[PDB]
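Just so it is clear, the values below take in all heavy atoms, side chains as well, and ignore hydrogens, waters and symmetry mates. Sequence lines set the chain letters: A, B, ... in the order given, protein chains first and strands last, and positions in each chain run from 1.
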Amino acid sequence: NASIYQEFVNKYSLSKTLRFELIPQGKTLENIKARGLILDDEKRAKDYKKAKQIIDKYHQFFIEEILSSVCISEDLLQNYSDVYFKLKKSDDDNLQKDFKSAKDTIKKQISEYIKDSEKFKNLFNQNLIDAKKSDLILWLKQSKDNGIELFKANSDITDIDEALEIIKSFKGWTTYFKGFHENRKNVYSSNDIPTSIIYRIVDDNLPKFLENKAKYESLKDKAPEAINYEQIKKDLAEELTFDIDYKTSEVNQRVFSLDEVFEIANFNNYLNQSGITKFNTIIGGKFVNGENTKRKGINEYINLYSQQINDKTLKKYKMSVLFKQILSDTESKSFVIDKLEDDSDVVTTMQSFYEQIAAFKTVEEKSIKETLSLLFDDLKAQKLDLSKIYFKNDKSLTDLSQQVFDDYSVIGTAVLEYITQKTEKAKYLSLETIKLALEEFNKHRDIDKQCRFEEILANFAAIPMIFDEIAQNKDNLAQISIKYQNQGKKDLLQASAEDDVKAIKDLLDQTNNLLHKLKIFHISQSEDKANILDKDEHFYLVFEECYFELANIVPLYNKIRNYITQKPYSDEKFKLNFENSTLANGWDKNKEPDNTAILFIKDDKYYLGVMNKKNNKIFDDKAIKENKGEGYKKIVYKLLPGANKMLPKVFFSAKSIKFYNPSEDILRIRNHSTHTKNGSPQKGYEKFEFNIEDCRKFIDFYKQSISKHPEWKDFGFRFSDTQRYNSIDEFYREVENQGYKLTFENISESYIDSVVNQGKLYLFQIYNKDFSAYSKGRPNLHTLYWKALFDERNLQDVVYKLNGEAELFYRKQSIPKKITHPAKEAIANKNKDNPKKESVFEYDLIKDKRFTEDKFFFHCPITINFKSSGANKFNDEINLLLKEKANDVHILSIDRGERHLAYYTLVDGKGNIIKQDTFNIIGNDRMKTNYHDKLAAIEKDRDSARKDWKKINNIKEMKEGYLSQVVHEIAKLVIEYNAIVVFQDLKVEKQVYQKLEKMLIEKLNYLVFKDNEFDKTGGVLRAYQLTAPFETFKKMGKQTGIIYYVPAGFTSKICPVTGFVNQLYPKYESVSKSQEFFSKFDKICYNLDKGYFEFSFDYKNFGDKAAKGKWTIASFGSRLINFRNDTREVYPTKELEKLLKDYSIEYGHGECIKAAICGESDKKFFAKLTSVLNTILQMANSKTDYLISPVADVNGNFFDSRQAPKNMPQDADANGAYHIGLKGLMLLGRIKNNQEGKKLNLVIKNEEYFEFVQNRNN
DNA sequence: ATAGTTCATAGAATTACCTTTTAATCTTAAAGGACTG
DNA sequence: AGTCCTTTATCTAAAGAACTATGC
Ligand SMILES: [Mg+2]
Ligand SMILES: [Mg+2]
Ligand SMILES: [Mg+2]
């Protein structure tokens, strides 16, 4: 009963962070509030955000200027380009080395250029914000003297002066920014990483540019007239203006030709965000206020011309936009709507609009309602001149048809063949041509099904009622406006306002719809002075006045939509520093005065004390010595981190180098770094080849120095024989493994009490619900990990290790405290499976109680498997174990279907189903829960409410919850049955399946069973590790640890015993084709003994080349068919008896029917016979559900899911999972025969799958 | 009867709101820089 | 010497109802 995974324990390390609540103890909270630390930290969090925004501005300016200045050699770009296109069609090593060379040369030029700048030197050091005496202060000051306002765009920072005060507010807090500076270093890093502007230029934007150039030349080749050069030279002249032509070095500013912008040297104009925006606008165009139609870009011209000549080939030439430059926060060249700030904007602007509509009067001094009703009544009457009023020939006309005639092309076809009874598309079509066209249309076609002009006119005559429909909603809207007219509330986007919001939208929607109905008449002012059409001038006068008034909808609709759908602003939590910028940076004893955070253990409870900055020596040696007592157990923490950095730093430092006294030999080894393979040499020195003797000499010097070190001796290092080391990193591993020690000092309760009472110490209990006195149940895994940190059994040989850089947070009360359930009153139980109908409690229950009050929080990082390195070649070790233990492994295959979120079959090595069940139901013996219904309801809620401007909440969390249950079920199955897990290779449902794969991988990184013993496999100290860390969905491939991924092909409709799958798919087309189809069968004969017909064939002989194999299918069994009279039960053998008797084909003696079948010439015969064959071939029969097989097995048995053995699929879903598991079986066999040193092949092909699945029982 | 299609479909842009995955840095004690005593 | 605040050291690795069509 021992798991085959028993040895897969303590395999590799990983980092985790545990989260707890901090409960202030004693007079701590009152002292905190007495010094105002919390509010100060809120202020500091906002000020910190602002400071990062200012520094970010400085970064942006620097990037812009330095990239403007950069000029890449045209020869470099040309070289890169030639190698880059040669790489297409050829993988030569010479080509990849040359490409690496060119790319790296360009990268080096840029990198060196920005590194040499004056402003880069001071970018990440303290001189930026707190000059010892700042470049930031200087730049801000110049920007003020130059009268240029940087912070105009954002609300939080008013002006430059405020930025000065904010920067100076961090006078002594530069270290507080170190992490941030790291992030900013990633912006300029010369390493190969996506966060670098060098990477963004060379890896991202250069290939995209060269691709756009290729597509452009090719576009001029295939479609020269596709793009209108004069037009883009006019519209985009602004974005086509460049200072320098890098091809000619000419420095004069002018608009460039598209030929010039795609000059390779002119790529030097697209480096920074300004050039990127220009280029991307040349591609995408822009909107301009005061222009009716948008200014077209290249891609628009390509699309339009491709649709003009009806050639989708041009699609391949659509150009890609350049990615943004990093950090750049820049304005768009296209028009940007203004924003409504709060609810008062919404209600007041809406009211203003609808009242402006109500009060407006035309030239004729009639209301818009009366005016439109008059115009459309006169139009219904035929009083107006139909030749002088026109519909826009665009989509609006189509929508008119579909609105009245239910078919969109009716009008367009009608005029189209009206002309027939080289015609280019007109912009407008007069109502005359319409009327005549659809009249002739009704004359040329069946009368009863026809479409009349009076229906159009009746639609336009019915339009005016929409105003009446709008009035009532307008007044109740007035009520809502009374509700929301408050100036700064901004709570209209709270979910609680849903109803209201919907109402608002409804109103707008109505009006919006109205506008579009009238849009068909409106004549946009797009300027073409060629032809002005003669029109009824009065009709269009009053109309265009009304429509111009109603067109104010679209800005209003956009502004309201953009405000309402915003994500609500919730304060969330902020970092508590307790006046210390290095608060939780490290737990080491020697760093206590600096980091001021200390851990205690009292009784079975844990505590975090934070020393007040003023008195940080509260716990120094003297104080622990004279306060030694039985109150609290203080943790003393010793760590030697980054040995590869720490040892040279300490031993070769200017301070102590004389003390450690390294020989000139060791100095040499260090200078040329001969002790390392790829280590960094000392600056100014040349890296020299690795020498094992130098390595071991350096290791000996390290041992001597450690034993000479005043402090580090205390670690009690036990080092391997230095001759055993083949590389310095094995020594460093032993150093870091043993350089971590946790011991405790006992401190009197009276001293702790006095030092908290004095406000010198801030004491918190580290708490989660498992530390309550009432908690009798299994604790959270994170509670077990936390406790394991300080456990003796862990301290003797450390697996759980405490990390520095913890953080503390404060979360304000988010929700008003509401007592949902008063005490002593019975509460209805939600689970219908619950034996207990209701429950009563002695105490109150408050919904979301934790959010009803302010709270303190502790995020503590830890390292698991501290003494193991990271995962390396994990799949190979898994596969070794599985090959060794192949006899015992089960296959747990998981499929997804319409009926189940996840369905699984457990199978053995022989193909027998041990277990088959659904993951829909999760529960104990007492209760159970079905998540399928709940998930369905979620998916409905999304799509429905999405059109209500209603907030969707926590659907992904609701899915991941369920999944978090099923990963536990799977883990249990896997350990219990020595199983590997097999998934199908891989819209929303699919995403749930993928999320299950990812969360299962992560679960199996570190697998602890709560009931297992602390020191035994599966327990806290010995956790199964059955997968490596998740990387990315693409990188899952075919195997992640004990999880494998197989193609899903042909797992649905296939016989479990014979592996038969229907590839015939016969359809009736003609008598000739039917005779040809039935002639190709080998033998169609009747079995007297068995009592059914038999069709024997070879898939080779039929149309599709892919199919193969000999088969004999039988008419045996029942079948189910659905039809519009419900479903009925058909017996194809009897049906065939009827058909053959009707045509006097004699099957009674068991003769062969093929020739007879092919001899008939009647359509009904072959139609019905092909139908019978089709129903026979139908394995999946669903009542309006079971699986059946037309192929007999060795025993002459036909598989029937309705009555089937335990080890066979009992339904179709289980059949799909079962075949997933059969592909898993193939994988197991390959794993079993895999040889050492040879790569394992996990790709399954349909041929291999069909051969295996057909021959396993045959 | 009955036997099949549609409730319009789709492309190229721009703006806005919302959402997601993915990829980087760190999860440190102690030397150094200044200054004070 | 004592302190506070900042900078430093640098390995390993590889659907369902309605409409359309007569094919029943
Ligand atoms: Mg430049
Ligand atoms: Mg529990
Ligand atoms: Mg809940």
Quick one: classify the glycosidic conformation of B:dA1 as syn or anti, with syn meaning within 90° of 0.
syn

Which is it for C:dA21, anti or syn, if anything within 90° of zero counts as syn?
syn

I'd like to check the side-chain hydrogen bond (donor to acceptor under 3.5 Å, both in side chains) partners of A:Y199; sequence neighbours left out, ordered by chain and number.
none

Counterpart residues, side-chain hydrogen bond (donor to acceptor under 3.5 Å, both in side chains), relative to A:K296 (two or more places apart)
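In terms of side-chain hydrogen bond (donor to acceptor under 3.5 Å, both in side chains), with neighbours along the sequence ignored, A:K296 is linked to no residue.
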
DNA chain B: 5'-most and 3'-most nucleotides touching chain A, 4.0 angstrom heavy-atom criterion
B:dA3 to B:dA34

Run the ring-ring contact (aromatic ring centres under 6.0 Å, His included) test against [X] and tell me which residues pass, sequence neighbours left out.
X      : answer
A:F323 : none
A:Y301 : none
A:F405 : none
A:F690 : none

Sugar-phosphate, base or nothing in reach of A:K995, heavy atoms under 4.0 Å
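Sugar-phosphate: the residue A:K995, judged by heavy atoms under 4.0 Å, touches backbone atoms but no base.
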
Just checking A:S15: base, sugar-phosphate only, or nothing, at a heavy-atom cut-off of under 4.0 Å?
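It contacts nothing in the nucleic acid.
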
Name the first nucleotide and the last nucleotide along DNA chain C (5' to 3') that come under 4.0 Å of a heavy atom in chain A.
C:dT3 to C:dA21

Side-chain donor-acceptor distances from residues 182-190 of chain A under 3.5 Å, at least two apart:
from: A:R184; atom 1: NH1; to: A:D56; atom 2: OD1; distance (Å): 2.3
from: A:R184; atom 1: NH1; to: A:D56; atom 2: OD2; distance (Å): 3.3
from: A:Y188; atom 1: OH; to: A:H59; atom 2: ND1; distance (Å): 2.5
from: A:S189; atom 1: OG; to: A:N191; atom 2: N; distance (Å): 3.0

Watson-Crick and G-U pairing of DNA chain B written in dot-bracket, each distance under 3.5 angstrom, with | for inter-strand partners
...||||....................|||||||||.

Contacting residues from residues 306-318 of chain A, given that a heavy atom lies under 4.0 angstrom of DNA chain B
A:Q307, A:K318

Side chains of residues 946-957 of chain A: which donor-acceptor partners sit under 3.5 Å, not counting sequence neighbours?
from: A:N954; atom 1: ND2; to: A:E957; atom 2: OE1; distance (Å): 2.4

For A:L128, is there any backbone N or O sitting under 3.5 Å from a side-chain donor or acceptor partner on A:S134?
yes

